[PDB]
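Note sheet for the following structure.
Please note: Cβ atoms are built from the backbone with ideal geometry, for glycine as well, and neighbour counts cover all protein chains shown. Please treat every number below as a calculation from the coordinates, not as lab data.
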Amino acid sequence: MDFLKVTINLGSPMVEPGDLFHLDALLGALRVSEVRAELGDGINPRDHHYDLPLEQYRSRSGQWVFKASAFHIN
RNA sequence: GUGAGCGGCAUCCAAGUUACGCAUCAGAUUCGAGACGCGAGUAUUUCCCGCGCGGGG
């Protein structure tokens, strides 16, 4: 719906991710945190981590991913 | 539900033992407390001065 660039600045050193660190995963974690603060810790995390403001890419076989690239590490 | 979540670098240990700031050097030569303080002068006048008054022997 719009093309975006996400930049994050660190005040403390982070753990260098062994594998790809994906923007959609972080957004899902933040969404789960929001729904935890709004409902509590009894929620199922798998029921709210796809309610993200990101449009999806679907392939021929129905396999789908979020259009959110993995974080670049400089 | 961020290859996420969970996870003490921690325990013990002597910088200590011996060693001389010591030996040798002139504060010396030169010069007065003795000199100094109106005790001597032998009486009426002018050009100018501070300006009627104050002044130059």
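Using the 10 angstrom Cβ neighbour count as an exposure proxy, how do A:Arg60, A:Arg36, A:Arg46 rank, fewest first?
Starting with the residue having the fewest Cβ neighbours, the order is A:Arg60, A:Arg46, A:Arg36.
Per-residue ellipticity at 222 nm computed for chain A from its helices equals -7500 deg cm²/dmol, with DSSP H segments shorter than 4 residues left out and the rest contributing -39,500 (n - 2.57). Global size of chain A: 14.4, 42 Å for Rg and Dmax (C-alpha atoms, Rg to one decimal, Dmax whole).
Using Cα pairs under 8 angstrom and six or more residues apart, how large is the relative contact order of chain A, in percent? Intermediate results must be reported in sequence, preceding the final value.
On the way: 51 pairs, mean separation 26.0, N = 74.
Dividing the mean separation by the residue count of chain A yields 35 percent.
Here A:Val6, A:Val35 are placed in order of increasing Cβ neighbour count within 10 Å, fewest first, which gives A:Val6, A:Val35.
Each of A:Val65, A:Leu10, A:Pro45 was placed along the dipole of region A:1-72 (beta-carbon charges, centred on the mean Cα), and the one lying farthest toward the positive end is A:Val65. Gain on full extension, evaluated as 0.36 nm per residue between A:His22 and A:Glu34 minus their Cα-Cα distance, stands at 2.4 nm. Computed from Cα atoms alone, the Kirkwood hydrodynamic radius reported for region A:22-64 is 11.4 Å. Simple point charges give the picture: +1 on the Cβ of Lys and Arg, -1 on the Cβ of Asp and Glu, and for chain A a dipole about the Cα centre of about 280 debye.
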